[PDB]
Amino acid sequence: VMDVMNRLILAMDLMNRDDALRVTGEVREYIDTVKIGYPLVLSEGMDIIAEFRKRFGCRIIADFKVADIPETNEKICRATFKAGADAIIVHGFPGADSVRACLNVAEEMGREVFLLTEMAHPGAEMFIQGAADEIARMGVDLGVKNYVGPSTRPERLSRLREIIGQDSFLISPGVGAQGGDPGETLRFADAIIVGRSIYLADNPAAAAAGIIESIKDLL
């Protein structure tokens, strides 16, 4: 199982290389796992992943919300792992074949797939939430061991944990800016994902330290 320092994953969604590297550097003592998404990658290129590894030695989760047909999913995963990502986040909504395509490449390259089952934002209630339990069961059926679920709905996050079992690994975004509470989220998730509450703060290091202080008894 992935060992995330302080149970805290930084969502590095700044869109400027200099800012992204500076802020990550400021909080490096607190984390060893960084989630990199399209805001940074599409602004600065996939080479940024290798840079992060060179500078920080952190693990990298590519939050690419993979959501294409199987053939295209395979290509996306291949390009992503070639860039040095340790793991990739994949939507479950497009169905089992699309998830399997990602699992196959991950196995080939020594990486992990994280299955996103319910999202944290209000619009998730329209279509995703009603599918989310079934998506989680699909993950179980497919042998998925890593999952993403919403901090903003702790009862939904708890249900996800119930479906996947205590052995599966669960990470959760929506902490801070979107309204989720760090400690409550860690009742169910192995690690919390935090973006803006850290990277937009006046003092990113103090923000990170503060969150960690608030969950000290859970570490």
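The numbering used is simple: start at 1 and walk along the sequence shown.
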### Message
Mean CA temperature factor from the deposited coordinates, higher in 148-156 or in 164-172?
### Response
164-172
### Message
Quick check on the record: does 191-199 or 11-19 carry the larger mean Cα temperature factor?
### Response
11-19
### Per the PDB entry, maximal CA B factor within 35, 65, 28, 53
28
### Query
Going by what the PDB entry lists, where does residue 121 fall on CA B-factor within its chain: lowest, middle or highest third?
lowest
### Query
Considering only modelled residues of the same chain, in which third does the CA B-factor of residue 101 rank: lowest, middle or highest?
middle
### Query
So where's residue 70 on the chain's Cα temperature factor ranking, which third?
lowest
### Query
Looking at the C-alpha B-factor of residue 112, is it in the lowest, middle or highest third of its chain?
middle
### Query
Comparing residue 60 with the other modelled residues of its chain, is its CA B-factor in the lowest, middle or highest third?
lowest
